[PDB]
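Participant: Below you'll find the sequence and an experimental structure to go with it.
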Amino acid sequence: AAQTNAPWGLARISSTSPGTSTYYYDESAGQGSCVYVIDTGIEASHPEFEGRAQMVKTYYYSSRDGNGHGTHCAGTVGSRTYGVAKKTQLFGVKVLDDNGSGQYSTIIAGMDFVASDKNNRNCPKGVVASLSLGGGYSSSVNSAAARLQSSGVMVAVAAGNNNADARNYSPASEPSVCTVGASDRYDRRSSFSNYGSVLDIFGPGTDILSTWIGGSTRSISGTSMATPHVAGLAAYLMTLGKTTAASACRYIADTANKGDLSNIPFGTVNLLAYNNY
């Protein structure tokens, strides 16, 4: 399949070179996979989700995404126009408030919730979790993300937007999950992206168009935008049978575009997510 006039990040995932505008992908499109978007919620009524999105848990009075961040991330995973895996099932877990903040205890509880809830769901091609969030180093947050991965979920997390080593942030610093840095449309490391040995992969993160609340769309920038590209790519590849939840991060790194990014510090991988379609 080919989506013309795609967002640059989708085009980038399916090309060896920057600057293209068509996203080429297998028609299976993540059908039969599920991706939990652990964030500010999802405006599940948005037409771009085509009924494939639903909220399953909140940690606040409401399940509404009063911010937009979670809806944006979910759209990069799985919306018709802005998504990597256009047929995946999306589940929303609201661990962040409408200002985009959350307590570490709530973020931990949300990960443990997903690890159990997936057993209530039909996800024959497997389960992914996208965590476009983080804060300072916490062993308890890292351990929660490790448990979620161990339980059989492909966990993708944002490296952070501190232009610093991700070793000092969580869950970015957890070794066993997939830690995602951000790039821009000219194949530069995004100016804000964290870096470091713990990164596993880069995805598009500067000026990413996706869904927004009020049935709208908008472009924003962050490692929060890179992460759902990788989460959706994992769901896509799992649906194709090319990899598993346990091995998808490694497989994505194995099959990535290598050596294309500029301003990558020594000791950080130079690997950009790629579907090899």
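Facilitator: Cool, the structure landed. Residues are numbered from 1 along each chain as shown.
Participant: distance between the host helix or strand of residue 91 and the chain's centre?
Facilitator: Secondary-structure element containing residue 91, defined by DSSP states H and E: strand 89-94. Relative to its chain's centre, strand 89-94 lies at 12 Å (C-alpha atoms, centre = their mean, to the nearest Å).
Participant: now do stretch 49-56
Facilitator: The chain centroid and the centroid of stretch 49-56 are separated by 16 Å under C-alpha atoms, centre = their mean.
Participant: how long is it end to end?
Facilitator: 15 Å (C-alpha to C-alpha, to the nearest Å).
Participant: Find the residue at the geometric middle of this structure.
Facilitator: residue 228 (2.0 Å; C-alpha atoms, centre = their mean).
Participant: The residue lying closest to it once chain neighbours are set aside - how many residues pack around it?
Facilitator: Spatial nearest neighbour of residue 228, chain neighbours left out: residue 76 (3.9 Å); criterion: C-beta to C-beta, 6 or more residues apart in numbering. Quick note: C-beta positions are derived from backbone N, CA and C, even for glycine. Residue 76: 33 surrounding residues under other C-beta atoms under 10 Å.
Participant: Could you do residue 182 as well?
Facilitator: Using other C-beta under 10 Å, residue 182 has 30 other residues around it.
Participant: follow-up on the earlier one: which strands and helices sit next to the strand or helix carrying the residue nearest to residue 228?
Facilitator: Using DSSP H and E, residue 76 falls within helix 69-78. Helix 69-78 is packed against strand 33-39, strand 89-94, strand 208-212, strand 216-220, helix 223-239, with contacts defined by 3 or more C-beta pairs under 8 Å, 6 or more residues apart in numbering; DSSP states H and E.
Participant: thinking again about what came up before, contacts only, for the residue nearest to the centre of the chain.
Facilitator: When contacts are counted by C-beta atoms under 8 Å, 6 or more residues apart in numbering, residue 228 touches 37, 73, 74, 76, 77, 84, 130, 132, 156.
Participant: Residue 187 now?
Facilitator: Residues in contact with residue 187 (C-beta under 8 Å, 6+ apart) are 18, 260, 261, 262, 272.
Participant: Buried ones among those?
Facilitator: Buried by 16 or more other C-beta atoms under 10 Å: 18, 260, 261, 272, out of these.
Participant: okay, the residues you listed in CSV with secondary structure next?
Facilitator: Shown next, in CSV, are the buried ones among the contacts of residue 187 (DSSP: H, G, I helix; E, B strand; the rest coil):
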residue, secondary structure
18, coil
260, coil
261, coil
272, strand
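Participant: Quick one: these as a markdown table, columns for distance to residue 33 too.
Facilitator: Putting the buried ones among the contacts of residue 187 into a markdown table (distance: C-beta to C-beta, whole Å) gives the following:
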| residue | distance to residue 33 |
| --- | --- |
| 18 | 28 |
| 260 | 27 |
| 261 | 27 |
| 272 | 22 |
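Participant: which of those residues lies closest to residue 179?
Facilitator: Nearest to residue 179 out of the buried ones among the contacts of residue 187 is residue 272 (C-beta to C-beta; 14.3 Å).
Participant: Can you tell me who that closest one pairs with across the strands?
Facilitator: Residue 272 has these beta-bridge partners by DSSP bridges: residue 202, residue 257.
Participant: Would you list the phi and psi of the residue sitting furthest away from the middle of the chain?
Facilitator: Relative to the C-alpha centroid of the chain, counting by C-alpha atoms, centre = their mean, residue 61 is the outermost residue, at 25.3 Å. Torsion angles at residue 61 (phi, psi; degrees, to the nearest 10) stand at phi -60, psi -40.
Participant: Is it correct that residue 232 is in contact with residue 85?
Facilitator: Yes. Judged on C-beta atoms under 8 Å, residue 232 makes contact with residue 85 at a distance of 4.2 Å.
Participant: If anything else comes up later, I'll come back, but that's it for now.
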